[PDB]
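Student: below is the sequence, then the experimental coordinates.
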Amino acid sequence: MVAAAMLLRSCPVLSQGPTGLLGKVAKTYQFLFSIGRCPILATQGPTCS
């Protein structure tokens, strides 16, 4: 045949494609959708905690 593994990359699943941070975007934003005093500084606090 003529095919050296060069016809498969349509983002099928990759074993663990989904379930990679979703429910967070489907809730967090639901609250940070329309605040008011949006952050202008951005990253002004500590690097962690």
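Tutor: Perfect, thanks for sending it. Numbering: from 1, shown residues only.

Student: the spatially most central residue of the chain and residue 47, how far apart?
Tutor: Centroid-nearest residue in the chain, with Cα atoms, centre = their mean: residue 21, separated by 5.7 Å. As defined by Cβ to Cβ, to the nearest Å, residue 21 lies at a distance of 20 Å from residue 47. Using the backbone N, CA and C atoms, a C-beta is placed for each residue, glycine as well.

Student: which element is the residue nearest to the centre of the chain on?
Tutor: Here residue 21, judged by DSSP states H and E, is contained in no helix and no strand.

Student: can you show me the helices along this protein?
Tutor: 28-32 (DSSP state H).

Student: farthest from the middle of it: give me that residue.
Tutor: residue 1 (39.5 Å).

Student: ok, residue 38 - how many residues close by?
Tutor: Using other Cβ atoms under 10 Å, residue 38 has 8 other residues around it.

Student: run a quick neighbour tally on residue 37.
Tutor: 5.

Student: nope, residue 45 is what I meant
Tutor: Residue 45: 7 neighbours (other Cβ under 10 Å).

Student: distance of it relative to residue 39?
Tutor: Applying Cβ to Cβ to residue 45 and residue 39 gives a distance of 10 Å.

Student: also residue 27?
Tutor: 19 Å.

Student: now residue 2
Tutor: 56 Å.

Student: when the two are compared, which one has more neighbours?
Tutor: Neighbour tally, residue 2 and residue 39, criterion other Cβ under 10 Å: the higher count belongs to residue 39, 8 against 4.

Student: can I get stretch 22-39 in CSV, CA atoms only?
Tutor: Output in CSV follows, covering the C-alpha atoms of stretch 22-39 (Å, rounded to 0.1, in the frame of the first residue of the first chain):
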residue,chain,number,x,y,z
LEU,A,22,-15.4,23.5,30.6
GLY,A,23,-17.9,23.5,33.4
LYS,A,24,-15.8,26.4,34.8
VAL,A,25,-16.4,28.4,31.7
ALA,A,26,-20.0,27.4,31.9
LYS,A,27,-20.5,29.1,35.3
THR,A,28,-17.6,31.4,36.1
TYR,A,29,-18.4,33.6,33.1
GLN,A,30,-22.0,33.4,33.9
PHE,A,31,-21.1,35.7,36.8
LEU,A,32,-18.2,37.6,35.3
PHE,A,33,-20.3,38.2,32.2
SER,A,34,-21.3,41.7,33.0
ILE,A,35,-19.8,43.1,36.2
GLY,A,36,-19.1,46.8,36.0
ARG,A,37,-15.8,47.6,37.6
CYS,A,38,-13.8,45.5,35.2
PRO,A,39,-10.1,45.1,36.2
